[PDB]
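Chains, contacts and geometry: an overview
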Amino acid sequence: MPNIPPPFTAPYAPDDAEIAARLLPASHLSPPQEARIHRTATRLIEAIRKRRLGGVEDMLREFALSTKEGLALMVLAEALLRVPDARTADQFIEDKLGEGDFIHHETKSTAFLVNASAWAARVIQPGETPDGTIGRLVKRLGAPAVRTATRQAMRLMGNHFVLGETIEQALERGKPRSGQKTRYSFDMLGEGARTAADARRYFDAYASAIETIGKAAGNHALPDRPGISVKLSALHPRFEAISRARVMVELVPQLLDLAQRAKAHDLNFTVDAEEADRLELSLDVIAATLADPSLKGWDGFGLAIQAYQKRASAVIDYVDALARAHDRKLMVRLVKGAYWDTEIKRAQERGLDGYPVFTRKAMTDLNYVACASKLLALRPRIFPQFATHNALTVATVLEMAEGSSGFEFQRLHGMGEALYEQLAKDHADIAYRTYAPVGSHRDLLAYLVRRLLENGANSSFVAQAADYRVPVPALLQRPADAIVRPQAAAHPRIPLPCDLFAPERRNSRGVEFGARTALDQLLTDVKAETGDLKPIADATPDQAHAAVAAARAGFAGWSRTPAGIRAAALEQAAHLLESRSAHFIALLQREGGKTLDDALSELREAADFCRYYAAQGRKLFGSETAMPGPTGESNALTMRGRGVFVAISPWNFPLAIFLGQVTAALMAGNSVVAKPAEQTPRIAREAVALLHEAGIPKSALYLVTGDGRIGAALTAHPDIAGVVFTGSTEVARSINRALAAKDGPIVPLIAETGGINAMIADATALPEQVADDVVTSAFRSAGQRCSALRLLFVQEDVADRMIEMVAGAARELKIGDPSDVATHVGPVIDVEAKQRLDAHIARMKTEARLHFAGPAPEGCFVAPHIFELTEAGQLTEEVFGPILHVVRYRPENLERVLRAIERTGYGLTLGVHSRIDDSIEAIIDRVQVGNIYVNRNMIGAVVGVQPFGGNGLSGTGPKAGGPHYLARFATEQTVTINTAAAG
Amino acid sequence: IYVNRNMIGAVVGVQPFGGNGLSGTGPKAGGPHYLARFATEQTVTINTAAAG
Amino acid sequence: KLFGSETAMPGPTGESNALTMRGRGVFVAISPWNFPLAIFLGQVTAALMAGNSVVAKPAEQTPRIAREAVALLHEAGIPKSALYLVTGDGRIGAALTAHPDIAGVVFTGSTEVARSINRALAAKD
Amino acid sequence: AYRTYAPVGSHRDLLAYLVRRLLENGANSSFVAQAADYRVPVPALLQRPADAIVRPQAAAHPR
Ligand SMILES: Cc1cc2nc3c(=O)[nH]c(=O)nc-3n(C[C@H](O)[C@H](O)[C@H](O)COP(=O)(O)OP(=O)(O)OC[C@H]3O[C@@H](n4cnc5c(N)ncnc54)[C@H](O)[C@@H]3O)c2cc1C
Ligand SMILES: Cc1cc2nc3c(=O)[nH]c(=O)nc-3n(C[C@H](O)[C@H](O)[C@H](O)COP(=O)(O)OP(=O)(O)OC[C@H]3O[C@@H](n4cnc5c(N)ncnc54)[C@H](O)[C@@H]3O)c2cc1C
Ligand SMILES: NC(=O)c1ccc[n+]([C@@H]2O[C@H](COP(=O)([O-])OP(=O)(O)OC[C@H]3O[C@@H](n4cnc5c(N)ncnc54)[C@H](O)[C@@H]3O)[C@@H](O)[C@H]2O)c1
Ligand SMILES: NC(=O)c1ccc[n+]([C@@H]2O[C@H](COP(=O)([O-])OP(=O)(O)OC[C@H]3O[C@@H](n4cnc5c(N)ncnc54)[C@H](O)[C@@H]3O)[C@@H](O)[C@H]2O)c1
């Protein structure tokens with residue numbers, strides 16, 4: 001009867017200290033309360049340290065394995081467990097494993113997870129160099145220990161996971177005896193559908209699991225019936241804030257169907273909690289689902305809430321209001337949180353104003369107990385479920401319950417066993433639910449990774465309890481006593497994103513699209529910025545020469561302006577850029593045709609260029625360098641501006657590359673004449689006016705607009721001191737020839753040009769991450785980035801799955817007006833671009849296999865295309881659009897692949913996806929490419945982090961946004977003074 | 001530039017030597033900017049998150 | 001200092017970023033007659049130190065010292081495969097600089113010859 | 001050929017013997033201890049003694 005709560009919108013990353021100022025006093029307990037807790041917890045830990053077979057943490061500790069090594073052995077273990085004849089596995093383990101074929105075993109066992117037929121008698125030659133994850137393990141531990149470790153992995157995989165090639169096989173394997181109930185609830189493997197077909201498969205798997213669980217549910221009432229865990233990202237291929245409109249329309253009926261099926265068996269149905277940027281969207285979906293009248297009269301629906309998030313307490317308020325408003329009973333799982341490292345990395349990458357999670361473990365522990373107290377007081381409408389394997393957390397929640405009724409604890413099969421058995425011994429009324437991981441092999445890898453991060457974490461309770469160096473009393477330290485003071489809440493060694501580069505420079509600010517207040521405000525601000533797009537008159541060859549003459553006159557004064565003053569101008573420019581981000585983002589979208597995230601990212605990059613060049617500028621030009629020499633003599637090295645630089649920029653980064661080149665030249669003490677791409681003069685003119693306002697003298701910087709002919713007039717001018725160019729390889733050569741033709745000084749040419757960028761993915765790569773990174777690298781910004789992926793090499797054993805996943809993912813990209821927040825792929829720059837792209841597409845259709853040709857809206861649009869080539873040699877040009885080419889290869893032919901890459905002459909970006917350090921390192925050793933990206937996408941180089949730029953046909957160097965850039969814009973001068981007369 | 005002494009016999013690492021304009025491109029021989037010009041830069045970026 | 005080890009770049013947690021400097025390829029080194037030893041070796045050893053192989057063409061007037069110098073470099077630890085001496089006039093110098101496979105040119109000599117070399121480089125595709 | 005010895009005697013002589021025995025099994029520098037610690041890579045157990053000393057003047061322990 002109460003009002004349905006408003007869409008959830010708590011502040012994303014509030015101040016830790018203020019939260020601690022509330023939680024610390026409230027955490028206080030009386031001496032008798034603490035005494036009970038201490039006793040219960042000691043008893044739990046004693047049982048834990050009894051020592052049963054063991055868990056993953058025991059294996060990692062026993063053989064001192066990295067997470068990567070643990071993962072590789074568990075993968076090999078599953079492959080070995082699925083071999084029909086156990087004697088067959090035994091023979092392999094003793095005779096082949098650890099003897100050789102190290103990389104082959106790692107590759108085959110991993111491919112097995114997506115391609116069962118891939119894993120099936122070789123002959124191992126002696127003396128093989130131990131390489132690969134397994135070979136390195138063998139060198140370190142010895143082959144016999146690796147076999148022993150593998151056998152242990154086999155008992156872990158066989159005992160603690162319910163797995164099969166398909167869901168049906170997993171479910172059959174996980175069944176109980178007869179007319180009996182499953183002793184476990186199902187933690188389903190699936191997450192993050194990449195394709196529409198993935199989302200249907202996961203839906204079907206859940207549906208199938210619900211029937212299996214149902215038919216073996218027992219006759220008791222809730223809470224004493226089994227549960228299933230479900231992930232929203234598994235049920236929708238673009239589960240994200242910017243796609244909220246389609247998500248609400250497509251995902252809800254799906255989740256509703258599954259909830260109804262669970263209701264019919266009167267099951268516990270739990271929606272898992274995922275990344276922080278999906279919190280708000282998930283609550284929207286969950287609320288709309290819960291509202292459906294078909295879910296009345298059922299008490300099993302629920303969701304997980306992560307206490308490691310500052311928003312946790314507010315989520316609980318929201319969930320309770322939801323429950324009262326629809327008059328429902330809910331089962332609510334409280335967890336700490338499984339994605340901590342991800343949240344830290346993301347907030348840093350995204351330049352957020354803070355972290356959505358606590359950064360000290362004790363703060364998470366404090367907030368968990370505080371949230372538990374909150375949930376307990378919401379009984380009986382809310383049935384709390386405390387999922388944790390921490391003995392102190394358990395003991396503390398029990399004490400606060402003052403009873404054992406109306407809540408449960410939870411644990412994952414293979415963890416918390418000794419703990420909860422002992423808890424049950426000491427408290428007969430206590431209930432705990434045990435979940436088993438259940439699913440297909442194709443979903444194992446993604447799940448194993450997350451699982452291993454936590455079992456291998458030093459801070460984890462389970463790990464420490466298993467380490468007998470850690471005394472029992474240490475595991476019993478109260479969280480409040482670790483924090484002591486509110487101002488100590490945040491972790492002292494984790495800087496806020498804005499301080500990522502301190503004390504060098506400030507970081508530009510970003511926006512969290514997953515926070516509706518932030519995204520809505522950004523959208524509004526950009527919308528408020530208007531632009532009719534008035535034509536910008538071209539310059540005549542006379543005006544261009546006048547510009548050079550004027551720049552030439554201004555060089556004397558600018559070059560002699562103190563470096564600190566030049567740097568201050570750049571830094572004020574950065575300030576004005578971010579201050580006016582909406583205006584410039586608006587321009588980037590209108591004139592540049594960029595989607596919102598690409599525009600914001602370019603704005604950030606522009607400001608980063610200013611601050612970074614300002615910072616490097618002071619180091620380089622701030623003072624002379626004293627040279628060692630004899631007594632009675634001084635020797636000083638200085639760097640002076642060269643003269644007038646001509647800066648020529650492209651249309652694809654009309655602001656950041658424009659400003660990067662210009663501010664670099666300016667910082668070095670040069671005056672500049674800048675000619676922007678014909679397509680994007682407006683933003684260039686805005687940038688220049690901004691630089692002037694920031695402190696760049698009118699006499700130091702001139703904008704000349706026009707075509708390649710006006711650009712030619714500038715580069716041919718006899719009085720210029722150098723040229724900084726970014727554009728086509730062909731135009732660079734033309735400029736270079738015009739420069740070399742002159743009889744004057746040989747001036748510097750910095751030329752950054754295209755590439756035919758490859759990615760190499762082997763069978764140890766996670767197909768879902770490959771697909772993400774391939775889709776991003778090749779199709780983001782309509783493939784109009786120089787760093788963009790053009791050629792994917794994929795090992796044949798995984799080619800079909802990887803290609804199919806990229807295609808399915810590409811189909812989910814929204815193509816259209818870049819100003820619509822839901823758009824993934826905007827238009828290409830002009831009619832000429834589209835025609836050239838369409839011509840290549842037409843040609844490729846008659847020369848190579850078409851895997852995907854997306855649907856494009858009328859206008860200057862080109863959709864993602866995927867072609868498979870017979871050989872790489874079929875791709876001979878940089879095609880500047882959303883067009884992926886794929887070649888599959890045999891593992892023994894990597895050399896051929898590397899020759900194919902070397903053959904083009906380009907060398908800008910290269911992607912490598914592989915678990916195998918030795919393979920990654922062999923590739924790096926071999927290639928000369930400027931930017932190599934491993935196990936991530938190939939785009940969005942960050943100033944001062946990924947100095948960007950290639951060689952061969954891809955560029956001259958030095959790398960923009962790196963420490964060798966500014967020097968190229970200057971000239972050296974040595975002053976030697978005989979000082980002897982001074983004495 | 002040489003002040004109150006002769007103009008010749010630049011010493012390696014003391015007087016980085018070489019000119020501009022019609023006199024040269026740089027970087028100066030026997031100075032700290034020379035070697036870099038003979039090399040190319042390579043940036044290697046690795047997503048290490050799977051390990052921690 | 002420069003090539004001894006990589007430079008770590010600041011970045012987000014969960015990511016490593018390292019800057020390295022690698023040899024470019026084959027450098028053509030062309031030297032004058034007026035400092036037949038020191039400028040010859042200066043240019044040659046700089047290129048070698050940066051990890052390039054080198055084809056060196058000495059001034060036609062002073063091949064002997066250059067050949068003695070190359071011999072000394074080989075004896076000092078420079079592999080025969082990393083360093084070759086080619087003697088002759090400006091035409092042989094022109095052949096070297098015109099070669100499509102070279103990765104750079106280090107030259108000391110007349111402003112006029114520098115420009116012709118610059119033009120030959122620019123002319124290549 | 002290898003000979004295996006068994007400790008043989010009366011309880012009244014055990015303590016004195018156990019002490020000496022435990023000093024060596026609990027020593028960080030002991031081969032048996034390190035071999036049993038999987039953090040120590042096989043190649044580490046294989047370092048030649050001469051390569052640890054390197055120079056005559058480094059023979060004595062510096063601390
Ligand atoms: C049945 C079950 C279902 C679960 N469902 C989900 C889910 O849907 N979504 C989800 O995100 N998690 C979920 N989890 C939680 C996750 O998988 C881990 O098990 C959990 O976070 C560990 O908490 P703990 O009290 O057992 O271990 P503890 O060792 O006491 O705490 C470990 C954790 O503290 C936090 N942490 C670690 N370092 C820091 C730091 N420097 N600063 C702040 N916090 C830190 C983390 O959240 C981390 O996992 C579930 C767990 C179980 C058992
Ligand atoms: C059957 C048998 C009978 C034995 N009888 C005797 C005996 O009668 N008298 C006797 O004294 N020992 C005797 N020992 C030796 C002793 O008991 C140890 O077993 C032995 O010294 C260990 O050598 P190791 O090569 O097996 O182990 P390792 O780990 O290779 O070496 C361990 C040892 O190196 C030496 N050492 C350790 N640290 C240092 C240091 N900082 N500087 C210099 N040296 C160091 C010690 O001698 C020490 O025991 C006997 C051993 C066996 C197996
Ligand atoms: N390596 C990098 O960092 C990087 C960054 C951005 C773009 N690019 C490259 O730029 C290309 C796409 O952008 P584009 O179409 O604008 O490049 P483009 O060669 O077509 O022209 C770019 C710029 O040079 C000017 N220009 C054209 N002809 C000229 C001439 N004869 N003399 C002097 N100037 C002349 C243009 O008018 C313009 O401002 C791709 O090949 C791409 O990979 C490389
Ligand atoms: N700035 C300095 O550091 C420095 C140092 C020493 C000498 N120099 C200059 O060197 C000059 C005098 O000596 P030089 O007579 O040997 O110079 P030079 O121009 O006559 O030629 C010198 C070198 O280039 C080669 N060469 C000639 N024509 C060539 C061509 N068309 N293509 C490729 N290579 C060619 C020669 O055979 C020789 O090895 C002066 O102008 C002097 O100032 C400058």
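As annotated in the PDB entry, chain D carries the name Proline dehydrogenase and is attributed to Bradyrhizobium japonicum USDA 110. Recorded in the entry header as its title is "Crystal structure of bifunctional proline utilization A (PutA) protein".

For chain B, the name recorded in the PDB entry is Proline dehydrogenase, with Bradyrhizobium japonicum USDA 110 as its organism.

A look at the overall build of chain D
Regarding its fold elements, chain D presents four helices and zero strands. Mapped from its N terminus to its C terminus, chain D presents α and β elements in the order α-α-α-α. Expected size for 63 residues packed as a compact globule is a radius of gyration near 11 Å; at 17 Å, chain D overshoots this value by more than 25%. Taken along the three principal axes of its C-alpha coordinates, chain D extends 45 × 30 × 25 Å.

Describing the overall build of chain B
From N to C terminus, chain B includes zero helices and two strands. Considered along the principal axes of its C-alpha atoms, chain B spans approximately 65 × 25 × 15 Å. A total accessible area of about 2,700 Å² is found for chain B, and carbon and sulfur atoms account for 65% of it.

So, the sheet that holds strand β6 (residues 104-107) of chain C
All names here are of chain C. Taken in spatial order, the four strands line up as β5-β4-β3-β6 in an open sheet, and their pairing is parallel. For this open sheet the edge positions go to β5 (83-85) and β6, each flanked by a neighbour on one side alone. Averaged over all adjacent pairs, the angle separating strand axes in this sheet is 20°, with direction ignored. Bridge count between strand β4 (residues 53-57) and β5: three bridges; the pairing is parallel. Bridging from a neighbouring strand, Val54 pairs with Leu83 of β5. In the packing of helix α4 (residues 111-123) onto the sheet, contacts are made with β3 (26-30) and β6, and the angle to β6 comes to roughly 180°.

Structural notes on the site of ligand 2
All names here are of chain D. Neighbouring ligand 2 are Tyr5, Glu24, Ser29, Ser30 and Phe31. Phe31 places a polar main-chain atom, nitrogen or oxygen, 2.5 Å from an oxygen atom of ligand 2. Out of a free accessible area of 980 Å², ligand 2 has 18% covered by protein chains.

Let's talk about the arrangement of the chains
Taking contact number as the criterion, the leading pair out of four pairs of chains in contact is chains A and B. In this view chain B stays clear of chain D, with the nearest C-alpha atoms of the two still 17 Å from each other. Between chain C and chain D there is no contact, and the shortest C-alpha to C-alpha distance separating them is 24 Å.

Overview of the state of the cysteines
Residue and element names in this part refer to chain A. Summed over the entire model, instances satisfying the criterion amount to zero disulfides over all chains. Lacking any disulfide linkage, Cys610 is separated from the closest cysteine sulfur, that of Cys498, by 18 Å. Note on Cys610: relative accessible area 0%, which makes it buried.

Some details on the interface of chain A and chain C
The partner chain C presents 22 residues to the 29 residues of chain A that form the contact. For the pair chain A and chain C, the interface holds three salt bridges. As a salt-bridge pair, C:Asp125 and A:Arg737 come within 3.1 Å of each other at their nearest N and O atoms. Applying the counting rule to chain A against chain C returns 21 residue pairs in polar contact.

Notes on the interface of chain A and chain B
Chain A puts 43 residues into the contact, and the matching count from chain B is 30 residues. When the area that chain A buries against chain B is broken down by residue, the three leading residues are A:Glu972, A:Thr974 and A:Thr976, summing to 17%. Counting across the chain A and chain B interface gives one salt bridge. When the shortest N-O distance is used, the salt bridge between A:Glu633 and B:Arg5 registers 2.9 Å. The interface formed by chain A and chain B holds 27 residue pairs in polar contact in total. Listing elements by their share of the side of chain A that touches chain B, those giving two or more residues are β11 (633-641), β23 (931-934) and β24 (970-978) of chain A. Top element by residues in the side of chain A that touches chain B is β24(A). It accounts for eight residues. Split by residue class, the side of chain A that touches chain B holds 19 nonpolar, 16 polar and eight charged. Where β24(A) and strand β1 (residues 2-3) of chain B come together, two bridges link them in parallel fashion. When the bridges of β1(B) are listed, A:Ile977 appears paired with B:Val3.

A word on the side chain of A:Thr133
Residues and elements named next belong to chain A. When you line up the elements, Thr133 lands in helix α7 (residues 132-141). Residue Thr133 is classed as buried on the basis of its relative accessible area, which comes to 5%. A polar contact of 2.7 Å, which involves the side chain of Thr133, links it to the side chain of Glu106. With near-sequence residues (within four places) excluded, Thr133 lies in contact with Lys68, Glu69, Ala72, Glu106 and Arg915.

A look at the nonpolar core
All names here are of chain A. If you look at the biggest cluster of nonpolar residues, it comprises 91 residues, and the most contacted ones within it are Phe269, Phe386 and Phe409. Among the elements that line this core, the one with the most residues is helix α10 (residues 196-215), at nine residues. Ignoring anything within four residues of it in the chain, the contact list for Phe409 reads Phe386, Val394, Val397, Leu398, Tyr420, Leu423, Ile430, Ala431, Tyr432 and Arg433. In this structure, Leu791, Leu792, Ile866 and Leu898 belong to the second largest nonpolar core, which totals 76 residues.

Some words on the site of ligand 1
Residues and elements named next belong to chain A. Around ligand 1 sit 29 residues in total, of which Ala273, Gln306, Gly337, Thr388 and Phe461 are the nearest. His389 is positioned with one of its backbone polar atoms (N or O) 2.7 Å from an oxygen atom of ligand 1. Computed on the free molecule, ligand 1 has an accessible area of 980 Å², of which 89% lies beneath the protein chains in the complex. Within the residue set of the shell around ligand 1, elements represented by two or more residues are β5 (301-306), β6 (330-335), α16 (361-376) and β8 (408-412). Per element, the largest residue contribution to the shell around ligand 1 is three residues, and it comes from β8. Residue classes in the shell around ligand 1 are distributed as twelve nonpolar, ten polar and seven charged.

Here we look at the sheet that holds strand β21 (residues 883-889) of chain A
In space, the ten strands of this open sheet follow the order β19(A)-β20(A)-β21(A)-β18(A)-β17(A)-β22(A)-β23(A)-β2(B)-β2(C)-β1(C), with mixed pairing throughout. Strands at the two margins of the open sheet, each flanked by one partner only, are β19 (849-853) of chain A together with β1 (7-8) of chain C. Looking at chain direction, strand β17 (residues 757-761) of chain A and strand β22 (residues 909-913) of chain A are connected through four bridges and run parallel. Paired with A:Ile760 across the bridge in β22(A) is A:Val912. Across the sheet, helix α32 (residues 767-779) of chain A touches β17, β18 (789-795), β20 (865-868), β21 and β22 of chain A, and the angle it forms with β21(A) is around 140°.

So, the packing of aromatic side chains
Residue and element names in this part refer to chain A. Scanning all chains against the criterion turns up 19 aromatic pairs over all chains. Taking 5.7 Å as the distance between ring centres and 85° as the angle between the ring planes, the aromatic pair formed by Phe407 and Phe409 counts as edge-to-face. One exposure class covers both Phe407 and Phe409, and it is buried. Summarising the aromatic geometry, the rings of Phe645 and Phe969 are spaced 5.0 Å apart at their centres and angled 45° between planes, so their arrangement reads as tilted. Here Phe645 is found in strand β12 (residues 644-648), whereas its partner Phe969 is found in the loop between β23 and β24, with 324 residues between them in sequence. Neither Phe645 nor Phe969 differs from the other in exposure class; each is buried. Site record: aromatic cluster; members linked through ring pairs are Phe609, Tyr612, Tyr613, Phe645, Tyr965 and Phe969. We note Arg201 situated over the ring of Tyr202; from NZ or CZ to the ring centre the distance is 4.4 Å.

Considering the pattern of salt bridges
Residue and element names in this part refer to chain A. Counted under the stated rule, the structure contains 64 salt bridges over all chains. Residues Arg433 and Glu408 are paired through a salt bridge, measuring 2.8 Å at the closest nitrogen-oxygen approach. In this pair, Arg433 sits in strand β9 (residues 432-440) while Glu408 sits in strand β8, placing the two residues 25 residues apart along the sequence. For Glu408, a relative accessible area of 3% translates into the label buried. Here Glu578 and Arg611 are joined by a salt bridge, their closest N and O atoms 2.6 Å apart.

Conventions adopted
- Residues numbered from 1 in each chain as written, not as in the entry; some residues may be left out.
- Chains lettered and ligands numbered in written order.
- Part of a larger assembly, values for the part shown.
- Heavy atoms only, no water.
- Residues with missing side-chain atoms left out of burial classes, pairs and counts.
- Helix = DSSP H or I, 4+ residues; strand = E, 2+ residues; numbered from the N terminus.
- Rg over C-alpha atoms; globule rule 2.2 N^0.38 Å.
- Areas by Shrake-Rupley, 256 points an atom, 1.4 Å probe, with all protein chains shown as cover.
- Pairing = 2+ DSSP bridges.
- Axes fitted to C-alpha atoms, helices over the stretch in contact; angles between N-to-C directions.
- Contact = heavy atoms within 4.5 Å.
- Near = heavy atom within 4 Å.
- Polar contact = N/O pair within 3.5 Å; in protein donor to acceptor, adjacent residues only side chain to side chain.
- Disulfide = S-S within 2.5 Å.
- Buried < 20%, exposed > 50% of the residue type's maximum accessible area, 1.4 Å probe, protein only.
- Salt bridge = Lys/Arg side-chain N within 4 Å of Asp/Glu carboxyl O.
- Buried area = accessible area lost by both parts, 1.4 Å probe.
- Nonpolar A, V, L, I, M, F, W, Y, C, P; charged D, E, K, R; others polar.
- Core = buried A, V, L, I, M, F, W, Y, C linked by side-chain atoms within 4.5 Å.
- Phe/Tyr/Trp six-rings, centres within 6.5 Å; stacked < 30°, edge-to-face > 60°.
- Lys NZ or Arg CZ within 6 Å of the ring centre and 35° of its normal.

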